[PDB]
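Presented as structure tokens, the chain that follows is alone, the form deposited in one PDB entry.
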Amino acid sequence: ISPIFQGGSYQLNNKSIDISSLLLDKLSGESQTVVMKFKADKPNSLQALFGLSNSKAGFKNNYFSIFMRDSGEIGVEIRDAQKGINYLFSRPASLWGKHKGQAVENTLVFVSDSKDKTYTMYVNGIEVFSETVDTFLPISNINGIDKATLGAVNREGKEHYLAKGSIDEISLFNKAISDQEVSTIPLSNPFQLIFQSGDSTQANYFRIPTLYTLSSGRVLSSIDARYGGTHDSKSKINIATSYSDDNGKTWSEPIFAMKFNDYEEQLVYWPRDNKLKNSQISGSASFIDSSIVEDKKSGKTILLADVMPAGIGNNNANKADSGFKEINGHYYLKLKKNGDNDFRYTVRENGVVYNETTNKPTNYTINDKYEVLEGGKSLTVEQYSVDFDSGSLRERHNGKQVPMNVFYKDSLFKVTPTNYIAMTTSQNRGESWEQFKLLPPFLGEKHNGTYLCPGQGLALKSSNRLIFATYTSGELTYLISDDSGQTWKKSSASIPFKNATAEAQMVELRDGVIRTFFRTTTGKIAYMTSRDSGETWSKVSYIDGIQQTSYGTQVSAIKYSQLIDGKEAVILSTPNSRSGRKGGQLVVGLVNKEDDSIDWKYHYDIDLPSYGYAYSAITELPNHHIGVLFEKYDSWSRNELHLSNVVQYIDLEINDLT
């Protein structure tokens, strides 16, 4: 079905374009679709792209607008004072500005549907809001509309919300086009999605991306599949993975590397209003923060993640307890039974549940999947589902039985409410994953477990050594295996911080020489160096030339395989900003062989300084391109919680960076 208006190549240079004569008399009926392809690489703070207004005296609040902010937020207003209606729908972090130095053509589709009383906005193929109202307001039914305007809104004869940008194509339809028809509108996206809302994970949200290039050429990604909005644990979160066999061009349907069944995997639209946005799934077990490494010797892929029992996160995790008991220099997982006040059980060899008060064993065993068996028979619990039908979050039994797991709220036997580290392996490069195994405590019986640094582990090039960085109060705790992840030992490296989220990632500068880059609380990224393949660690130094916030952000890092400007090169990915998680950059550093110092020579801006960029994952693709999977939004900001499809993937070449 044809547009009632089609126009193109409009330059918005702080001067509105009047299209009233062309458009206004064409508008008919109560349903409309706006399709617009536009660039804005230097937007004003708040600017309107399109406006339909009553421009007369006394009617300044009678207008429809499509607007954007220099934060990347997109929205509309639909206002009519006579009707007492002032609608505003918007979503932060919905836009691109630039990619490889060039302004990005954003594709916006806005649907105003009088029959369903629903307003829906898509940007770049992503639905960013869909809102139904009791009292519908057709956009051309605003009392006294007499102006159609590009690049401003005409109110009382003046240009409000002047825009800087361009509208390369704009079309209007006297129909609410279907979601199907929307899907056929061609896009000019600079990015792709690996994980996305409605995929096999059925999580509506994703955080904490990782990337790793396997020896076969397959590129593997892992991620937090986050169900209860974007909240850290406590929530329901699983760890999902996807891989690409064609240098990141296409990606497999995700599968789970680590998951719990105590709560249903539900695709939920988590409330974003101030009253409810802190609603949190409070009774589910969860995983959080994954990291991947490949072992050259066995060929296995190893993935670790933090594990949280039901109701548990970092804020309420039992510090002062590892969750294990030491009996002979061996560690056993503690368990508490229904009705006891203390943990009077342990899980011994082969999974036998022992009673500790009487050193007498039980008729209960824990299988490989941490599920409870009584006399070899699988115990079950009823699953929970969540909903907001009542006007607040509700967590309730759904009639389905699932194996009873010791990390569950409803389990007969429960682990200590603290954080653990789990490991799984894959023998087929991410096509399937084993059942996870808990790592032992490394800092003692009465120390809670360390926190995994999300991203990559390190496989040393000249040995079989595998390292996963973790952090805790006062130190980085490196976990080291020389036997394909069968056994681990720790290597502690003190840092001058108490209670820092010291997320750390490593690069091997040359054989046996590791530089670790890490998040701090100082506004600068720190580093330390090992020259004995991780046995001992230097004092902490700081990078100048990159700014982070006081609270910091995860940083990703790789050793590039090729020389640049004749030198060994390292590439860092991080926001570069002392204000928020925005201004994403890749920073190319050249190693000085004299002293292993790094000269941070090239800074590549991923997108606008004002556009969001948070946790990130970088990998050198088999073709020597650079793959970047990153949170394209401010994942700290309390205004940008619970956004869908903001973790995105781009492909870059080194010449783009320099």
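Note that residue numbering follows the sequence shown and begins at 1.
The same protein has a further form, the form deposited with a small molecule bound, not shown here; the description that follows concerns it.
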- Hey, of 454-462, 113-121, 153-161, 371-379, which bit sits against the small molecule in the deposited bound form at 4.5 Å between non-hydrogen atoms? 454-462
- Task: Indicate whether the small molecule has at least one heavy atom within 4.5 Å of a heavy atom of residue 621 in the deposited bound form.
- Result: yes
- So, in the deposited bound form, is residue 530 in contact with the small molecule at a 4.5 angstroms heavy atom limit? no
- Heavy atom to heavy atom, is residue 212 within 4.5 Å of the small molecule in the deposited bound form? yes
- Should residue 558 be classed as touching the small molecule in the deposited bound form when contacts are defined as heavy atoms within 4.5 Å? yes
